[PDB]
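Following: one structure in structure tokens, then a few remarks.
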Amino acid sequence: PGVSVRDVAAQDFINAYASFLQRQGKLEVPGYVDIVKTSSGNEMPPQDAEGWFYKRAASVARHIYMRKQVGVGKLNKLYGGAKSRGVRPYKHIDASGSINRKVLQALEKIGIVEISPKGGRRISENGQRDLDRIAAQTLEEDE
Amino acid sequence: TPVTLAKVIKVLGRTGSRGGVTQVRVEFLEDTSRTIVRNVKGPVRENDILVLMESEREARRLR
Amino acid sequence: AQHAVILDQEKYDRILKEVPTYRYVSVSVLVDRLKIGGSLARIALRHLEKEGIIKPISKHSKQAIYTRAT
Amino acid sequence: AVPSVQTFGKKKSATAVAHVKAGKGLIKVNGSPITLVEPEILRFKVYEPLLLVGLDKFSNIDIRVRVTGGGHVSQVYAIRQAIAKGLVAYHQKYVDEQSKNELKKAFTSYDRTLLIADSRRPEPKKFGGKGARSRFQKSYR
Amino acid sequence: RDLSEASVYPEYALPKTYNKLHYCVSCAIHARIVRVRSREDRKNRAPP
Amino acid sequence: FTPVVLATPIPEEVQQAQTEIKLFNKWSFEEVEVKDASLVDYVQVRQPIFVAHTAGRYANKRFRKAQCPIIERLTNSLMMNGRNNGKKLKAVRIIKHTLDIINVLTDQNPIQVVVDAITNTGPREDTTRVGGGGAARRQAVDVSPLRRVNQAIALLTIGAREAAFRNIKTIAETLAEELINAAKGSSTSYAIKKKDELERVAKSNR
RNA sequence: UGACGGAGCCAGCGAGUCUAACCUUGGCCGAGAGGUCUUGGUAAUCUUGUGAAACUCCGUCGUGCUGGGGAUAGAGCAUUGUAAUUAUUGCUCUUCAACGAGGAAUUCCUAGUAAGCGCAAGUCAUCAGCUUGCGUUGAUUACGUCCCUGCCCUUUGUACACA
RNA sequence: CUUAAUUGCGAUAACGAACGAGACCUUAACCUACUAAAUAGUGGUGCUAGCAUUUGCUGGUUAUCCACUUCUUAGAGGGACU
């Protein structure tokens with residue numbers, strides 16, 4: 001097709017490639033899975049009772065190279081809660097920033113997340129040699 | 001329902017001390033001269049047809 | 001109990017037994033049926049996810065389009 | 001042929017530029033296909049100048065338009081206008097107008113404020129109320 | 001025409017009554033529309 | 001029909017419908033002309049739309065009050081109570097929903113009889129709020145052909161919260177039975193009996 | 001057309017350190033609150049692309065005072081300030097209620113405006129449930145009038161002029 | 001009689017006026033036509049990694065020649081004067 005970097009869809013993509021990372025053997029968690037509410041405004045524990053850091057291989061790392069240089073609190077910025085703070089406005093509220101800073105040192109070992117100047121993190125030549133050909137794989141297993 | 005196929009013949013004016021009833025003429029153009037002296041409720045721009053039931057059952061001043 | 005319990009093992013598969021004269025399977029209809037609740041009602045109704053009489057063409061959440069179809 | 005005329009998708013919330021060149025008919029919002037524009041439904045008001053007077057309209061043109069800033073209406077019209085200016089302001093200067101205007105059976109037949117510049121603009125909020133024309137309520141003694 | 005088709009000896013009258021009235025000064029301007037006049041216009045006698 | 005095939009991603013399901021005939025993929029936006037009588041030349045139908053977004057200057061000109069989309073004049077006419085008002089891209093998919101509930105329960109591929117929503121919800125006379133003094137005054141005038149655009153849209157749509165909110169049941173399915181029920185004779189519904197008090201003393205007192 | 005959880009993701013206004021320490025992406029730490037070296041900026045340089053909420057899409061919740069609500073008091077951890085008790089604020093858990101559309105009383109407002117929601121600035125060490133603006137999404141129906149209330153003009157009447 | 005208007009017409013012991021208001025002025029604006037371009041925004045591509053060969057795309061390059069003024073910004077002006 002001449003599959004470019006930005007032919008990649010957003011939800012039916014992550015349904016069928018981030019679920020493939022569920023059984024790569026990849027534990028790589030800080031030991032703090034299903035103890036975190038994933039928002040200060042959240043009142044309930046999350047869904048699966050194990051894992052769900054496997055979204056980060058197709059939601060986060062796909063969105064780093066949508067831009068060119070990234071940090072952490074802007075990737076924290078997608079998780080947006082609204083703590084019902086008594087009788088007051090429901091102000092700008094993010095999650096706890098420890099997980100994204102420790103995914104920052106968990107999926108770095110693969111070669112996908114590389115050390116960057118011009119601030120924080122940029123994508124590597126594992127992007128143009130695996131992440132391009134999981135845009136040539138996930139869209140080409142879902143043609 | 002004896003449907004007198006009414007029409008906006010001319011643009012008569014207003015009534016209503018609270019400004020609610022706007023005046024027109026209402027009859028079918030064939031067999032005129034038998035028509036309620038009556039108006040339309042709200043918005044009507046000029047000179048088109050209308051569907052109704054009554055034909056000639058009048059009143060005069062409408063507050 | 002009285003309402004919103006588990007599956008009604010007594011009369012379960014109304015989907016393949018009672019969809020003439022009522023083409024209505026949703027959140028908004030199946031709570032006066034003296035039925036299990038949407039905590040576990042439509043979870044017990046996604047058993048026909050491959051095919052079935054009731055069929056969505058709308059993939060959205062929280063209410064689907066389930067009638068007498070083929 | 002690429003002389004880039006500096007046509008624009010300009011509305012309430014887009015300072016865009018359309019470099020509508022002449023190619024096969026590919027289109028990228030900096031890389032983006034037609035299936036990714038973020039409403040999932042209001043995408044289908046980009047119907048107007050493409051598949052309603054002609055089938056192809058492809059080998060004549062090529063689209064690659066950026067958008068930066070703004071909000072959430074200019075993905076529908078100001079995306080569309082930048083693409084639509086590359087057709088009738090480029091098949092007019094080179095291709096003839098009777099070839100344009102007699103085959104303009106649908107470019108203007110559904111012209112729901114496309115190329116006419118928008119005249120529905122922000123106005124400053126007042127003083128003494130909640131909103132731009134929303135006041136408080138009073139009280140007496 | 002259908003009130004008096006019932007009326008044989010057709011319509012019989014064009015029926016009209018007469019009444020002559022006597023108001024006063026103190027009750028005329030609480031029904032009848034004059035209620036004031038100016039200084040130098042109190043001169044006519046025909047009503048139109 | 002020998003379509004265009006090309007490398008940049010454009011699918012097939014759009015070009016086999018709209019390149020010659022006005023329609024949508026599974027919806028009908030077809031050949032249905034105005035089956036209902038007058039109020040014709042006041043309706044957005046001719047020219048029908050494909051999906052729902054069209055705005056513009058339709059503010060206070062009394063004398064061009066009918067070229068605006070009544071598609072659009074429907075799709076913002078139920079929203080209130082602090083969270084539904086505003087936010088006006090949320091009914092855009094319920095016309096993708098409830099024009100597939102009528103289009104699955106007695107199909108009538110949707111544009112045939114929904115243009116005919118003046119056949120049943122088109123009044124014949126309306127009783128005024130005229131002054132009088134003392135009673136429930138609806139000594140009346142005769143009807144007007146644009147009150148059948150504002151009173152038509154409202155009283156078939158404002159009943160979508162007296163039956164849905166405070167409990168579990170949604171908006172969509174009661175916009176399907178009570179569209180057909182407000183397109184046929186009803187006797188057990190919301191439109192026709194609320195189409196009574198503005199016609200009750202339209203014949204029992206002239 | 002709601003709530004929870006995931007996917008995508010939007011503004012403009014600014015005001016920002018001076019011989020002092022303001023805005024600040026990150027690195028690393030710890031669950032947060034946040035903390036130490038660092039990233040740029042006296043300013044279309046950096047904050048900040050203000051990807052925020054409200055929003056779009058896909059899984060989980062059911063007729064209850066409830067996965068709506070968070071009043072009420074209790075314990076602990078931090079931040080600011082020579083200085084926090086009669087608690088500066090937040091954070092994590094204990095406390096988890098009222099209240100169900102609300103009486104003779106009664107306001108505002110006719111197109112990017114009525115409406116929806118949320119960020120700067122203003123007081124700002126710290127303290128927005130406030131007030132200006134900035135914006136992001138946007139219907140209505142009257143299409144105007146004197147009974148109630150308010151104001152100007154003609155005519156008359158007036159034993160009144162701090163009227 | 002009209003009007004947002006003591007605004008205008010028309011009647012006229014009046015005529016002609018000075019005000020306020022109106023007028024005037026802004027703004028979110030149209031100007032790819034300009035004096036004009038990375039402390040700011042552009043088709044290009046110096047060095048060109050790669051998905052893909054469906055042959056130019058995703059690109060980056062704390063500047064490589066910097067390609068260029070319309071988008072960003074207005075010096076006066078036009079364009080609209082029911």
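Chain labels follow the order of the structure tokens: the first chain is A, the next B, and so on; residue numbering restarts at 1 in every chain, and ligands are counted from 1 in their shown order.
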Contacts of residue D:90 at 10 Å (only C-alpha atoms (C1' of nucleotides); same-chain gap of 5+ positions) as a PDB file with N, CA and C atoms, in the first residue's frame:
ATOM      1  N   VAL D   5      -0.376  27.483  -5.244  1.00  0.00           N
ATOM      2  CA  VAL D   5      -1.232  28.616  -4.928  1.00  0.00           C
ATOM      3  C   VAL D   5      -1.558  28.567  -3.441  1.00  0.00           C
ATOM      4  N   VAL D  20      -2.555  22.957  -2.904  1.00  0.00           N
ATOM      5  CA  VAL D  20      -3.202  21.962  -3.760  1.00  0.00           C
ATOM      6  C   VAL D  20      -2.394  21.865  -5.050  1.00  0.00           C
ATOM      7  N   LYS D  21      -1.575  20.827  -5.141  1.00  0.00           N
ATOM      8  CA  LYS D  21      -0.743  20.568  -6.298  1.00  0.00           C
ATOM      9  C   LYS D  21      -1.425  19.527  -7.184  1.00  0.00           C
ATOM     10  N   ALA D  22      -0.726  19.067  -8.217  1.00  0.00           N
ATOM     11  CA  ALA D  22      -1.308  18.202  -9.237  1.00  0.00           C
ATOM     12  C   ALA D  22      -0.639  16.837  -9.174  1.00  0.00           C
ATOM     13  N   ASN D  60      -6.339  15.180 -11.723  1.00  0.00           N
ATOM     14  CA  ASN D  60      -6.117  16.609 -11.869  1.00  0.00           C
ATOM     15  C   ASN D  60      -5.361  17.205 -10.682  1.00  0.00           C
ATOM     16  N   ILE D  61      -5.654  16.748  -9.461  1.00  0.00           N
ATOM     17  CA  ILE D  61      -5.240  17.460  -8.253  1.00  0.00           C
ATOM     18  C   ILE D  61      -4.343  16.622  -7.349  1.00  0.00           C
ATOM     19  N   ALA D  84     -11.649  22.313  -1.233  1.00  0.00           N
ATOM     20  CA  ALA D  84     -12.563  22.741  -2.287  1.00  0.00           C
ATOM     21  C   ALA D  84     -12.060  23.976  -3.024  1.00  0.00           C
ATOM     22  N   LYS D  85     -11.170  24.764  -2.412  1.00  0.00           N
ATOM     23  CA  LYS D  85     -10.587  25.880  -3.150  1.00  0.00           C
ATOM     24  C   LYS D  85      -9.559  25.410  -4.165  1.00  0.00           C
ATOM     25  N   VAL D  95      -8.053  25.518 -16.584  1.00  0.00           N
ATOM     26  CA  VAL D  95      -9.182  24.943 -17.302  1.00  0.00           C
ATOM     27  C   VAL D  95     -10.280  26.004 -17.388  1.00  0.00           C
ATOM     28  N   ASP D  96     -11.149  25.882 -18.390  1.00  0.00           N
ATOM     29  CA  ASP D  96     -12.089  26.940 -18.720  1.00  0.00           C
ATOM     30  C   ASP D  96     -13.224  27.004 -17.696  1.00  0.00           C
ATOM     31  N   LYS D 100     -16.019  24.487 -16.168  1.00  0.00           N
ATOM     32  CA  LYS D 100     -16.196  24.484 -14.722  1.00  0.00           C
ATOM     33  C   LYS D 100     -17.662  24.659 -14.347  1.00  0.00           C
TER      34      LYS D 100
END
Per residue of chain D within 7 Å of chain H, which atom pair is closest and at what distance in Å (one decimal), using only C-alpha atoms (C1' of nucleotides), listed by chain and increasing number, as a tab-separated table?
residue	atom	partner	partner_atom	distance
D:4	CA	H:43	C1'	5.6
D:6	CA	H:70	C1'	5.9
D:7	CA	H:32	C1'	6.9
D:15	CA	H:71	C1'	6.0
D:16	CA	H:71	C1'	6.1
D:17	CA	H:71	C1'	5.8
D:19	CA	H:43	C1'	6.8
D:31	CA	H:58	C1'	6.8
D:121	CA	H:28	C1'	4.7
D:122	CA	H:28	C1'	5.4
Mind writing the picked residues with N, CA, C and O atoms as a JSON list (two decimals), in the first residue's frame?
[["chain", "number", "residue", "atom", "x", "y", "z"],
["D", 4, "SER", "N", 2.48, 26.18, -6.11],
["D", 4, "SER", "CA", 1.60, 26.12, -4.94],
["D", 4, "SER", "C", 0.88, 27.45, -4.79],
["D", 4, "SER", "O", 1.43, 28.43, -4.29],
["D", 6, "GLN", "N", -1.58, 29.73, -2.81],
["D", 6, "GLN", "CA", -1.67, 29.81, -1.35],
["D", 6, "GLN", "C", -3.12, 29.95, -0.89],
["D", 6, "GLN", "O", -3.47, 30.84, -0.11],
["D", 7, "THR", "N", -3.97, 29.04, -1.37],
["D", 7, "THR", "CA", -5.35, 28.97, -0.93],
["D", 7, "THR", "C", -5.41, 28.48, 0.51],
["D", 7, "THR", "O", -4.46, 27.91, 1.05],
["D", 15, "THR", "N", -6.41, 28.61, 10.87],
["D", 15, "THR", "CA", -5.52, 29.39, 10.01],
["D", 15, "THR", "C", -4.71, 28.42, 9.16],
["D", 15, "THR", "O", -3.52, 28.19, 9.39],
["D", 16, "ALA", "N", -5.35, 27.85, 8.14],
["D", 16, "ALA", "CA", -4.76, 26.81, 7.32],
["D", 16, "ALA", "C", -4.35, 27.36, 5.95],
["D", 16, "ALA", "O", -4.74, 28.46, 5.56],
["D", 17, "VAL", "N", -3.55, 26.57, 5.24],
["D", 17, "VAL", "CA", -3.11, 26.87, 3.88],
["D", 17, "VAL", "C", -3.18, 25.58, 3.07],
["D", 17, "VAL", "O", -2.67, 24.54, 3.52],
["D", 19, "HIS", "N", -1.84, 23.87, -0.15],
["D", 19, "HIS", "CA", -0.94, 23.77, -1.29],
["D", 19, "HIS", "C", -1.43, 22.68, -2.25],
["D", 19, "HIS", "O", -0.81, 21.62, -2.39],
["D", 31, "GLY", "N", -0.24, 13.74, 7.81],
["D", 31, "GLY", "CA", -0.05, 12.38, 7.35],
["D", 31, "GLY", "C", -1.37, 11.65, 7.18],
["D", 31, "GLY", "O", -1.39, 10.46, 6.84],
["D", 121, "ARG", "N", -19.04, 35.74, 14.60],
["D", 121, "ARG", "CA", -17.79, 36.13, 15.21],
["D", 121, "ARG", "C", -17.95, 36.41, 16.70],
["D", 121, "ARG", "O", -19.04, 36.77, 17.15],
["D", 122, "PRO", "N", -16.89, 36.24, 17.49],
["D", 122, "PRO", "CA", -17.00, 36.46, 18.94],
["D", 122, "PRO", "C", -17.16, 37.94, 19.28],
["D", 122, "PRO", "O", -16.62, 38.83, 18.62]]
Compile the contact shell of residue B:4 as a ChimeraX atom specification: residues with an atom at most 6 Å away, counting only C-alpha atoms (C1' of nucleotides), same-chain residues fewer than 2 positions apart removed. /B:6,52,55
Given the selection you just returned, output its residues as a file containing N, CA, C and O atoms, formatted as a PDB file, in the first residue's frame.
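The file below, out-v3.pdb, is the result:
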ATOM      1  N   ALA B   6     -58.041  27.675   3.067  1.00  0.00           N
ATOM      2  CA  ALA B   6     -57.846  29.090   3.353  1.00  0.00           C
ATOM      3  C   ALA B   6     -56.565  29.619   2.715  1.00  0.00           C
ATOM      4  O   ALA B   6     -55.735  28.868   2.204  1.00  0.00           O
ATOM      5  N   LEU B  52     -57.918  24.307   7.057  1.00  0.00           N
ATOM      6  CA  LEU B  52     -58.750  24.637   8.216  1.00  0.00           C
ATOM      7  C   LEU B  52     -59.935  23.679   8.305  1.00  0.00           C
ATOM      8  O   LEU B  52     -60.020  22.685   7.577  1.00  0.00           O
ATOM      9  N   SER B  55     -65.668  27.651   8.232  1.00  0.00           N
ATOM     10  CA  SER B  55     -65.829  28.459   7.031  1.00  0.00           C
ATOM     11  C   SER B  55     -66.349  29.857   7.316  1.00  0.00           C
ATOM     12  O   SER B  55     -65.800  30.832   6.792  1.00  0.00           O
TER      13      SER B  55
END
Using only C-alpha atoms (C1' of nucleotides) and a distance of at most 8 Å, pull out the residues of chain D that contact chain G, as a PDB file with C-alpha atoms, in the first residue's frame.
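Below is the file that was written, iface10.pdb:
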ATOM      1  CA  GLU D  38     -12.051  13.203  14.835  1.00  0.00           C
ATOM      2  CA  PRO D  39     -15.741  13.410  14.865  1.00  0.00           C
ATOM      3  CA  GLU D  40     -16.390   9.950  13.309  1.00  0.00           C
ATOM      4  CA  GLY D  69      -4.816  25.826  16.578  1.00  0.00           C
ATOM      5  CA  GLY D  70      -8.470  26.495  17.218  1.00  0.00           C
ATOM      6  CA  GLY D  71     -11.328  24.253  18.333  1.00  0.00           C
ATOM      7  CA  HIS D  72     -13.895  21.724  17.105  1.00  0.00           C
ATOM      8  CA  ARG D 120     -20.373  34.807  12.827  1.00  0.00           C
ATOM      9  CA  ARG D 121     -17.787  36.134  15.212  1.00  0.00           C
ATOM     10  CA  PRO D 122     -17.001  36.463  18.937  1.00  0.00           C
ATOM     11  CA  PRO D 124     -16.862  40.592  24.302  1.00  0.00           C
ATOM     12  CA  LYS D 125     -18.675  39.703  27.503  1.00  0.00           C
ATOM     13  CA  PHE D 127     -20.050  43.656  32.977  1.00  0.00           C
ATOM     14  CA  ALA D 132     -22.141  37.632  27.224  1.00  0.00           C
ATOM     15  CA  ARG D 133     -25.776  38.621  27.494  1.00  0.00           C
ATOM     16  CA  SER D 134     -26.613  36.863  30.789  1.00  0.00           C
ATOM     17  CA  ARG D 135     -27.208  39.166  33.770  1.00  0.00           C
ATOM     18  CA  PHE D 136     -27.757  38.644  37.457  1.00  0.00           C
ATOM     19  CA  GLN D 137     -31.119  38.827  39.112  1.00  0.00           C
ATOM     20  CA  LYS D 138     -31.861  41.695  41.436  1.00  0.00           C
TER      21      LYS D 138
END
DSSP on the backbone: which residues in chain F end up as helix (DSSP H, G or I)? Give the answer as a PyMOL selection string. chain F and resi 15-18+62-64+70-74+111-114+147-155+158-160+174-180+191-194+200-202
Mind giving me the straight-line distance from atom CA of residue A:18 to atom CA of residue A:95 in Å, one decimal?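 Straight-line distance from atom CA of residue A:18 to atom CA of residue A:95 works out to 21.5 Å.
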Give me, please, the distance in Å between atom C1' of residue G:81 and atom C1' of residue G:125, quoted to one decimal.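 Computed distance, atom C1' of residue G:81 to atom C1' of residue G:125, equals 6.5 Å.
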Please indicate the distance in Å from atom CA of residue B:17 to atom CA of residue F:139, rounded to one decimal place. 15.1 Å
Using only C-alpha atoms, select each residue of chain F with any atom at most 7 Å away from an atom of chain B, and give the selection as a ChimeraX atom specification. /F:63,124-125,128,130-132,141-147,206
Write to file, as a PDB file, in the first residue's frame, the residues of the selection just made, with N, CA and C atoms.
ATOM      1  N   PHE F  63     -39.173  36.997   7.162  1.00  0.00           N
ATOM      2  CA  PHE F  63     -39.692  36.787   5.827  1.00  0.00           C
ATOM      3  C   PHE F  63     -38.800  35.856   5.006  1.00  0.00           C
ATOM      4  N   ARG F 124     -54.917  21.359  12.559  1.00  0.00           N
ATOM      5  CA  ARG F 124     -55.928  21.932  11.686  1.00  0.00           C
ATOM      6  C   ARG F 124     -56.411  23.293  12.159  1.00  0.00           C
ATOM      7  N   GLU F 125     -56.316  23.570  13.459  1.00  0.00           N
ATOM      8  CA  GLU F 125     -56.658  24.857  14.049  1.00  0.00           C
ATOM      9  C   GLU F 125     -55.961  24.921  15.401  1.00  0.00           C
ATOM     10  N   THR F 128     -56.123  30.227  20.770  1.00  0.00           N
ATOM     11  CA  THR F 128     -55.223  31.289  21.184  1.00  0.00           C
ATOM     12  C   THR F 128     -55.189  31.446  22.697  1.00  0.00           C
ATOM     13  N   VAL F 130     -56.035  34.483  23.997  1.00  0.00           N
ATOM     14  CA  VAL F 130     -56.628  35.790  23.775  1.00  0.00           C
ATOM     15  C   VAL F 130     -57.172  36.256  25.121  1.00  0.00           C
ATOM     16  N   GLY F 131     -57.385  37.566  25.254  1.00  0.00           N
ATOM     17  CA  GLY F 131     -57.586  38.138  26.572  1.00  0.00           C
ATOM     18  C   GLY F 131     -58.878  37.793  27.281  1.00  0.00           C
ATOM     19  N   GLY F 132     -59.994  38.369  26.855  1.00  0.00           N
ATOM     20  CA  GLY F 132     -61.284  37.990  27.398  1.00  0.00           C
ATOM     21  C   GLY F 132     -61.536  38.433  28.828  1.00  0.00           C
ATOM     22  N   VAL F 141     -58.106  32.048  16.950  1.00  0.00           N
ATOM     23  CA  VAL F 141     -57.972  32.465  15.559  1.00  0.00           C
ATOM     24  C   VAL F 141     -57.818  31.193  14.742  1.00  0.00           C
ATOM     25  N   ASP F 142     -57.672  31.335  13.434  1.00  0.00           N
ATOM     26  CA  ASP F 142     -57.402  30.191  12.583  1.00  0.00           C
ATOM     27  C   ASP F 142     -55.897  29.941  12.482  1.00  0.00           C
ATOM     28  N   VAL F 143     -55.542  28.749  11.990  1.00  0.00           N
ATOM     29  CA  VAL F 143     -54.194  28.217  12.178  1.00  0.00           C
ATOM     30  C   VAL F 143     -53.217  28.928  11.240  1.00  0.00           C
ATOM     31  N   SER F 144     -51.921  28.776  11.518  1.00  0.00           N
ATOM     32  CA  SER F 144     -50.869  29.418  10.748  1.00  0.00           C
ATOM     33  C   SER F 144     -49.857  28.387  10.255  1.00  0.00           C
ATOM     34  N   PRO F 145     -49.312  28.566   9.037  1.00  0.00           N
ATOM     35  CA  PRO F 145     -48.470  27.519   8.436  1.00  0.00           C
ATOM     36  C   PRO F 145     -47.003  27.540   8.839  1.00  0.00           C
ATOM     37  N   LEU F 146     -46.631  28.237   9.916  1.00  0.00           N
ATOM     38  CA  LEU F 146     -45.303  28.066  10.493  1.00  0.00           C
ATOM     39  C   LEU F 146     -45.351  27.663  11.960  1.00  0.00           C
ATOM     40  N   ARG F 147     -46.502  27.811  12.621  1.00  0.00           N
ATOM     41  CA  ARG F 147     -46.725  27.145  13.898  1.00  0.00           C
ATOM     42  C   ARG F 147     -46.675  25.628  13.751  1.00  0.00           C
ATOM     43  N   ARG F 206     -66.679  28.781  19.100  1.00  0.00           N
ATOM     44  CA  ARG F 206     -66.095  29.387  17.906  1.00  0.00           C
ATOM     45  C   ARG F 206     -65.314  30.663  18.210  1.00  0.00           C
TER      46      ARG F 206
END
